[PDB]
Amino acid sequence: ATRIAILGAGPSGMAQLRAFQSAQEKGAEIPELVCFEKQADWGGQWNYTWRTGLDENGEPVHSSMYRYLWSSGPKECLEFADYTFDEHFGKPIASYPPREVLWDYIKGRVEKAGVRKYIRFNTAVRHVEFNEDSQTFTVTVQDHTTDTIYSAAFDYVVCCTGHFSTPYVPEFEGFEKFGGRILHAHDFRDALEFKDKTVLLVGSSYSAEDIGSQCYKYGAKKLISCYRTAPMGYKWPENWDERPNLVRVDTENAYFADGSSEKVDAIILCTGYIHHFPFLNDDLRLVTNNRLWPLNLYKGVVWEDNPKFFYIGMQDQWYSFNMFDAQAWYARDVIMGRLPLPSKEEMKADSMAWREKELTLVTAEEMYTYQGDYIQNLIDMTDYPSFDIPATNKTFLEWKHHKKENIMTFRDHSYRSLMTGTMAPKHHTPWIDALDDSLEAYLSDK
């Protein structure tokens, strides 16, 4: 009568449900499942909302996604080994689908699987405690539909609440006096809000690349992006420059370590996120910066201090969807008794070996290869379909080259699926001109 709690119904929660459902379909007897989700529908980040800051129930808004967002890597690198792009759409499609298209895809797997019935939507997880005496977890949640706080007992808990939602938002001198809008990447919604405007983007990783690109694409007057350590280093459009870092601000201007300075309408902090778990105490709470190998997680997923608690997708992401699968399948097999955990000492020693290797990594290539090795090790222990990881590494490599070649057109290239073998078609419209981000617009043919 063993009972499991899954926190969150994004890709990771969906993957954990899907892993149990698959074991059950092959005839295994599975635990009882309850998955709690604070939004009204599944998909995690991929469920777009116009809302900003706090949602209609007062929970922090979860999604950081914006209008016009498109896959940032090759779809071929994030394809499910058990539910192909061919199966879901019935036809080839280009390699960088818009948000709505990938949303549709991940829902499709879990619609086929019938796992929606396990999910209590509109329910925020408030608190998870472990009771020593009974060896079980009390999960306290708030049901916003009924406006009730209640709690329930579980034998295992799988946490899938992500780490790209709680913004890291550093302060800069003068922000209290600046007259334009200051916002974090997290609150970016429609690029059209910045048409004909000068937009400062603080930071130099994916958010900066892509939020700049959208502002450019939808007609901002000018873009300044500044970096803390090293410049992003791509060849930008003519109305976009990189400066060394922002140092202060006044009523209208920004000042850089350059010595330069200029008039700026809006500042967008593209400074990343914190791992933040307001519902866990120190006995259960993961503390880490964003990285390929957070400590304290055996095989990157079992909580070393209480191996009945698990974390999915808490690593930085080169791979994503099929990493979460590998992780969710491993957790499932641990929970189900198919893969007994070693002692605490051996877990720590294993994790340390993973951390030593992580610290070796210099180049982007070495990094996704490392995540690949990690994933390889996971999928080899479970009935998760194996797939060509070295060939996925190669596809990441091409993608890197395409971005270096030209940062504004990398989305116009195509790659071959490592599940099906088929090469993807070019898209009916080049990126810069595809102004409509809808599923409908992308799947027809204008």
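One-based numbering along the sequence shown.
**Student:** Mean C-alpha B factor from the entry: is it higher for 231-239 or for 186-194?
**Tutor:** Mean CA B-factor is higher for 231-239.
**Student:** Given the B-factors recorded for C-alpha atoms, which segment has the greater mean, 23-31 or 416-424?
**Tutor:** The deposited B-factors put 416-424 ahead on the C-alpha mean.
**Student:** Based on what the PDB entry reports, which of 65, 379, 40, 408 has the top C-alpha B-factor?
**Tutor:** Of 65, 379, 40, 408, 408 has the highest C-alpha B-factor.
**Student:** Which listed residue, 332, 263, 355, 126, has the largest C-alpha temperature factor in the record?
**Tutor:** Comparing C-alpha B-factors across 332, 263, 355, 126, the maximum falls on 263.
**Student:** Could you place residue 143 in the lowest, middle or highest third of its chain by Cα temperature factor, using the values in the record?
**Tutor:** It belongs to the lowest third of the chain when residues are ordered by C-alpha B-factor.
**Student:** Check where residue 291 lands among this chain's C-alpha B-factors and tell me if it's the lowest, middle or highest third.
**Tutor:** Lowest third.
**Student:** If you rank the chain by CA B-factor, which third does residue 318 end up in: lowest, middle or highest?
**Tutor:** Its C-alpha B-factor belongs to the middle third of this chain's values.
**Student:** Considering every modelled residue of the chain and its Cα B-factor in the PDB entry, is residue 363 in the lowest, middle or highest third?
**Tutor:** It belongs to the highest third of the chain when residues are ordered by C-alpha B-factor.
**Student:** Looking at the C-alpha B-factor of residue 257, is it in the lowest, middle or highest third of its chain?
**Tutor:** As the PDB entry reports it, the C-alpha B-factor of residue 257 lands in the highest third of its chain.
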